[PDB]
């Protein structure tokens, strides 16, 4: 069946903005997961999970009689797809149960793990999501095996179709670097936004880079990919050694015995995959990764035996029974228990990537410290597991249930509690009149509030206007934010604030975060008045101001917009065309195509462009809120051509005289070119549409201003 994708494989794809419709969702449109979860008996679920750990099923028997290691791995894979570049991936939507992640080679036999959880999921129904259950199961596994966790938050709502994520361009699973779709170039530079070394892996190749078993070069890939998942050296060593305290790998015979991944298997397999023709196909004969390593002498119990073994032996390169590279301890006795046969024991073994923790010099110092001070290892792993499994959940206001840790962590981008009366509607009217009387323009007011709010991304629920981080490093210096113009606006708003706060009784005060957003609303109201329309823009107070010490500058760098079509901004030249980058940004802001359309047309005429560029400013009444962008864009009296100097800039000329009327970028003109976008632009550029344009614009403006407002839920 030939599709539009087949004929025009480079046309823009708008269907990523219309996912997650009420159509695909089986729950009612009033379903609120937070409310269902807050009534769950969480203690009862944990008891059932504890029982499950040692209730072996014959279709996938438990190693050592205990499923703990399998479930820790299941939870670390759920969380492990996270990339800090876009916030996409992670455990927070339960995507491991959908394509493609359900079928990634690195997720082999996690299908079995999820199926073992079906009875519990069934018993508790809508009150616990799959997404929450995968993480909670990991926690229970750790607890069952003697490790005390740092805590747990519920609230990850289930999703019902696959997320649109760019996982890479390779067309072969586990393709090694340098191919026609290589994710690597230069001196082993991994392309943004990717955070894994091969297609279908979580972070790195356990045999070493491109399969070459050198622990030192593996360490370099470990460091780069874990940093791209927001983890530093200490967290990385704690997580890897912590995880590999438990369980085992599975490589009992050749990989060619393993059949189709779940999305390719027959219908009779009922959602499972990787069926194996090697001996019994499971248990003692299991094949998952192809490696055959068991790390400690008590694989079902928390121990300090990982680092005793790593440092206490010298290591020899060898091969598993499937042919994979792995390491065995020189001269050791057979001290490692067998998973099924009490009369067998095995020598200690390690992956190349485990040896990285000893042979990379910076890791070695951390690993030695953890070896000599196991209580520090325990605490570091507990904190890192919490971070790993919660890093994509967003502000602490979304954390549900009775095990949420009280300690505030820097990586949560924390926002102080509000402890004072908030401004009311009379106060807001007074503050808007003050903002307008100060001389700040529409363009300055709109641009500043857009800059503050538009850092939000729905993928990990980071960013937005709450916190007033626009005033702090590094946001205040981002080129897209226009740092000199920004400084002058914030200085005037800070004087307004100081004067209003100084006059109040009781404890009433306004935060700068609220005033930035309020001043943007006044801008939009003034712009509507310039056009002859009487419009009130909704505002909700309650934002608070975070400090510089609560704002990790390195972690904040990934929110920098290097492309923001809403301000017609591009920081450099990229391989991806600018209109694909606009749709990507709309997706992170949670906008539909009609919302993206309205929003961009309105921003153009209000003067939100970076550096006051005229590109896309198709109006003779700038700073007035009108539908001019659409009416002028669609005027067939104008002809467009790319410029000689720059192919990404276009001149719009009167068709009859040749006279220049406008210029635009690709972000501008795509609205008059892409056949779906142009259909939307036509609605807003019609003669009956001016009031609809204004109303829709105010709605989407308000939506963006509130994206991070999880305190108002």
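Positions refer to the first chain, counted from 1.
- Set 92 to 100 against 411 to 419 and average the Cα temperature factors; 411 to 419 ends up higher.
- When 659 to 667 is weighed against 60 to 68, 659 to 667 comes out higher, by mean CA B-factor as recorded in the entry.
- Highest CA B-factor among the listed residues (73, 533, 457, 121): 533.
- The top Cα temperature factor in the record, among 595, 187, 158, 261, falls on 187.
- Sorting the modelled residues of the chain by their CA temperature factor places residue 180 in the highest third.
- When the modelled residues of the chain are ordered by their C-alpha B factor, residue 704 lands in the lowest third.
- Annotation for residue 33: C-alpha temperature factor in the middle third relative to the rest of the modelled chain, per the entry.
- In this PDB entry, the Cα temperature factor of residue 577 sits in the top third of its chain's modelled residues, the highest group.
- When all modelled residues of the chain are sorted by CA temperature factor, residue 688 is found within the middle third.
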